[PDB]
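**Q** Before I ask anything, let me first share the structure, which is written out below as structure tokens.
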Amino acid sequence: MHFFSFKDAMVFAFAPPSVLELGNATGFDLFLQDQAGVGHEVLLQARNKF
Amino acid sequence: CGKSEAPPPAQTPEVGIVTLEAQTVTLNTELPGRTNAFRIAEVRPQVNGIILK
């Protein structure tokens, strides 16, 4: 994470959790859903706002 | 205790650059076609009769 800070790629390195069967990353995760039928770009700009 | 170790935030990151220079270029296209003879003459009879030879 110090040597990989180079130009071309946005390389991200990490370690799996201790039980690989349960997920692949520690911490929280959530979904943002479109209920009213609004388009994709509105949900994209909402994700950027979040 | 402590163990903060605030890293230097300002980095001004390195950027791969290419300087542009003016260079002439030609433009050419590949197109499909057929070949044809310079002159074709189909021999047709100007009279009536049987071909003897």
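Chain labels run A, B, ... following the order of the structure tokens; each chain numbers its residues from 1, and ligands are numbered from 1 in the order shown.
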May I have the residues of chain A within 12 Å of chain B, counting only C-alpha atoms, written as an MDAnalysis selection string?
**A** chainID A and resid 2 5:9
**Q** Neighbours of range 12-14 of chain A within 10 Å (only C-alpha atoms; same-chain residues fewer than 6 positions away dropped), as a compact mmCIF listing (two decimals) with N, CA and C atoms, in the first residue's frame?
**A**
# COMPACT_ATOMS: atom_id res chain seq x y z
N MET A 1 0.81 -1.21 0.00
CA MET A 1 0.00 0.00 0.00
C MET A 1 0.85 1.26 0.00
N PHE A 4 2.51 0.38 -4.15
CA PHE A 4 1.51 0.31 -5.21
C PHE A 4 0.91 1.66 -5.55
N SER A 5 1.32 2.73 -4.88
CA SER A 5 0.80 4.07 -5.18
C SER A 5 1.51 4.61 -6.42
N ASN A 24 -16.49 -11.24 1.89
CA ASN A 24 -15.15 -11.02 1.37
C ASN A 24 -14.52 -9.73 1.87
N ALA A 25 -15.24 -8.94 2.65
CA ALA A 25 -14.71 -7.69 3.16
C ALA A 25 -15.35 -7.38 4.49
**Q** One decimal, in Å: what's the spacing between CA of residue 7 in chain B and CA of residue 48 in chain A?
**A**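 One can read the CA of residue 7 in chain B to CA of residue 48 in chain A distance as 26.8 Å.
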**Q** Give me, as a list in words, all polymer residues having an atom no more than 9 Å from residue 34 in chain A, counting only C-alpha atoms and skipping those fewer than 5 positions away in the same chain.
**A** residues 39, 40 and 43 of chain A
**Q** The selected residues should be written to file as an mmCIF file, in the first residue's frame (atoms: C-alpha atoms).
**A**
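Once written, again11.cif looks like this:
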data_model
loop_
_atom_site.group_PDB
_atom_site.id
_atom_site.type_symbol
_atom_site.label_atom_id
_atom_site.label_comp_id
_atom_site.auth_asym_id
_atom_site.auth_seq_id
_atom_site.Cartn_x
_atom_site.Cartn_y
_atom_site.Cartn_z
ATOM 1 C CA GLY A 39 -34.147 6.390 -14.043
ATOM 2 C CA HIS A 40 -30.617 5.110 -13.652
ATOM 3 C CA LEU A 43 -29.780 6.859 -8.717
#
